[PDB]
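> Below you will find the structure I want to go over with you.
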Amino acid sequence: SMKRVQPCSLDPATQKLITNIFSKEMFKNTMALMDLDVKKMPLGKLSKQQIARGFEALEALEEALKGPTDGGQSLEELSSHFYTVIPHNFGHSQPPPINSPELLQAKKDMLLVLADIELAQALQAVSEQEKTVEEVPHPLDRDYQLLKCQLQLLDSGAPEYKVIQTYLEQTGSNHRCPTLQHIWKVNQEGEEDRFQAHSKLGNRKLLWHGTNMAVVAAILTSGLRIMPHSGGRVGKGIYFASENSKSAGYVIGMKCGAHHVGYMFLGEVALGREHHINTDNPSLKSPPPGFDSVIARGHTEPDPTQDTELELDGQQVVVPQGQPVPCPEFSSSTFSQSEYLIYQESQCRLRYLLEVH
Ligand SMILES: O=C(c1cc(Cc2n[nH]c(=O)c3ccccc23)ccc1F)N1CCCNCC1
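The opening position of the sequence shown corresponds to residue 1400 in the working numbering, with each subsequent residue numbered one higher.
Encoded structure:
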């Protein structure tokens, strides 16, 4: 009646990673960091229904914000309802009334993150196959399997190692230097099929995607997703950066003794015909007709003459390798750094996962 736990098959680096991204503490920290009341709303109580009800509250809230004094219920009152569904903590003071587009998008962001934490929580739920079996896998092995995603750790002697590292350092911040620790090759199986579609679609680049640790698991499972209610300076799509230092701004650092651990994805993106804008536009949901991507061109770009290429699945993929240089053409843009945009999930394939300090 005493089931056996089998020895773990994973190496140390991958154990740490799996530990981190499923860590209850890490999840609770993220929630606290978003002013969520963790005691009034425990990880094991997070439901998709609550999150849905949460979203509805923001929707109604938006109708009031956009609608010129409609005549319905006030922002103050409608906010109270939102907080009633999704408990907040501010040192036991009255939660702040949502009364601005900025704040409306703030709560949507949090709800979207919370959503991927719940996704991770439901992922760990014990099934029946795991109960009828008399020999259970090492907890880390099991969680890793729940991902349904091959993560293969690379080393100093991997073809794409000196490349991903040169990319990292030249584009990163000159001073607050980010430090490479580990690189995992990511074969998210389930993306392979739908990505085949754009095989004729050229112009492929390897771009950065910074993310806080709370959703990393969710992404390793479902891939990058165009979510409802997600907005940005370039509209509703999946955002990428060519400059590392841009994406790392979105990598919330989690403490581990003396160092701050962080994870970043590298993605293969089928950009195709690029549409270059130099001004904000939060209303875009697709490129202009004839275009496959939109690129908010910043004041600088990794020296294009230093570009190199890798071969991923028979395809040449562009990898930036130079320090950012000025682009005189876009010296007056509203973007400091480039923001690459695709508006269909299929144009993106996760290739690499990094740990930095
Ligand atoms: O990439 C985004 C997105 C990102 C951002 C910010 C952001 N996040 N992360 C980045 O690496 C990044 C890079 C360049 C520009 C922005 C970013 C804002 C709104 C978003 F909709 N997605 C939206 C959220 C869900 N998961 C898929 C991706």
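We put the CB at the ideal spot given by N, CA and C, even for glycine.
Tell me the residue span of the beta strand (DSSP E) that contains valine 1717.
Against the sequence shown, residue 1717 aligns to sequence position 318. First-last of the beta strand (DSSP E) with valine 1717: 1714–1718.
> Under a three-way DSSP split, which group does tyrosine 1742 fall into?
The residue given as residue 1742 occupies position 343 in the sequence shown. Coil, per DSSP.
> Tell me which same chain residues have a C-beta within less than 8 Å of the C-beta of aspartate 1508, skipping the five on either side of it?
Looking up residue 1508 in the sequence shown gives position 109. The answer, listed in chain order, is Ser1629.
> Indicate whether the contact test is met: 3 or more Cβ pairs, each with one atom in the segment 1739–1747 and one in the segment 1652–1669, closer than 8 Å.
In short, these stretches touch, since the Cβ pair count reaches three.
> So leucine 1552 and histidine 1581 are supposed to be a Cβ contact under 8 Å. How far apart are they, rounded?
Numbered from its first residue, the sequence shown carries residue 1552 at position 153. Numbered from its first residue, the sequence shown carries residue 1581 at position 182. Going by Cβ atoms, the distance from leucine 1552 to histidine 1581 rounds to 6 Å, so yes, they are a contact pair.
> Entirely within the segment 1542–1599 and at least 3 residues each: give me those beta strand (DSSP E) ranges in chain order.
Complete beta strand (DSSP E) runs here, min 3: 1549–1552 and 1579–1586.
> Buried or exposed, going by whether 16 or more other CB atoms sit within 10 Å of the CB of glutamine 1736?
The sequence position of residue 1736 within the sequence shown is 337, counting from 1. Under this definition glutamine 1736 is a buried residue.
> With hydrogens ignored, establish whether the beta-carbon of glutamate 1590 is closer than 6 Å to any heavy atom of ligand 1.
Position 191 of the sequence shown, counted from the start, is the residue given in the question as residue 1590. No, ligand 1 has no heavy atom inside 6 Å of this Cβ.
> Is it right to say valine 1693 is buried, meaning 16 or more other beta carbons lie within 10 angstroms of its own, or is it exposed?
Counted from its first residue, the sequence shown places residue 1693 at position 294. Buried, by the Cβ-count rule.
> Identify which residue in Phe1594, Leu1435, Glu1476 and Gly1622 has its Cα closest to the Cα of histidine 1491.
What you label residue 1491 is simply residue 92 of the sequence shown in a count that begins at 1. The residue with the shortest Cα to Cα distance from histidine 1491 is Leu1435.
> How far does the beta strand (DSSP E) with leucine 1605 in it reach, from first residue to last?
The residue given as residue 1605 occupies position 206 in the sequence shown. 1603–1609 is the span of the beta strand (DSSP E), which, as asked, contains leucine 1605.
> Looking only at its own chain, which residues have a Cβ that is under 7 Å from the Cβ of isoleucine 1450, when we skip the five neighbours before and after it?
The residue labelled residue 1450 in the question sits at position 51 within the sequence shown. Taken in chain order, the residues that qualify are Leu1510, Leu1513, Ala1514 and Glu1517.
> With respect to 6 Å, is the separation between the Cβ of residue 1392 and the closest non-hydrogen atom of ligand 1 below this value?
The displayed coordinates of the chain run from 1400 to 1756. Any statement about residue 1392 would go beyond what the structure contains.
> Just to check, is the beta-carbon of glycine 1631 closer than 6 Å to a non-hydrogen atom of ligand 1?
Reading the sequence shown from its first residue, position 232 is the one you call residue 1631. Relative to ligand 1, the beta carbon of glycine 1631 is positioned inside 6 Å of a heavy atom.
> For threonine 1565 and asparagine 1573, what's the separation of their Cα atoms in angstroms?
By 1-based counting over the sequence shown, the position of residue 1565 is 166. By 1-based counting over the sequence shown, the position of residue 1573 is 174. Cα to Cα, the separation comes out at about 13 Å.
> How close, in whole Å, do the beta carbons of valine 1755 and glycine 1661 come, if the pair is a contact with beta carbons under 8 Å?
Here residue 1755 refers to the residue found at position 356 of the sequence shown. Here residue 1661 refers to the residue found at position 262 of the sequence shown. So it is a contact: roughly 5 Å between Cβ atoms.
> Take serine 1555 and list the residues in its own chain whose beta-carbon comes closer than 8 Å to its own, dropping the five residues that flank it on each side.
For the purposes of this step, residue 1555 is taken as the residue at position 156 of the sequence shown. For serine 1555, where only same-chain residues beyond five positions count, there are no Cβ hits under 8 Å.
> Would you tell me roughly how many angstroms separate the C-alpha atoms of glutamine 1504 and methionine 1433, rounded to the nearest one?
In the sequence shown, counting from the first residue as 1, residue 1504 sits at position 105. In the sequence shown, counting from the first residue as 1, residue 1433 sits at position 34. Between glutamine 1504 and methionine 1433, the C-alpha separation is close to 13 Å.
> Label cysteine 1548 either buried or exposed according to how many other C-beta atoms from any shown protein chain fall within 10 Å of its C-beta, with 16 as the threshold for buried.
If you number the sequence shown from 1, residue 1548 lands on position 149. Result: buried.
> What would DSSP say about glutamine 1414, mapped onto helix, strand or coil?
For the purposes of this step, residue 1414 is taken as the residue at position 15 of the sequence shown. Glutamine 1414 falls in the helix class under three-state DSSP.
> Could you check where the alpha helix (DSSP H) with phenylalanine 1426 kicks off and where it finishes?
Position 27 of the sequence shown, counting from 1, holds the residue named residue 1426. Looking at the DSSP string, the run of the alpha helix (DSSP H) that includes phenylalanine 1426 is 1423–1432.
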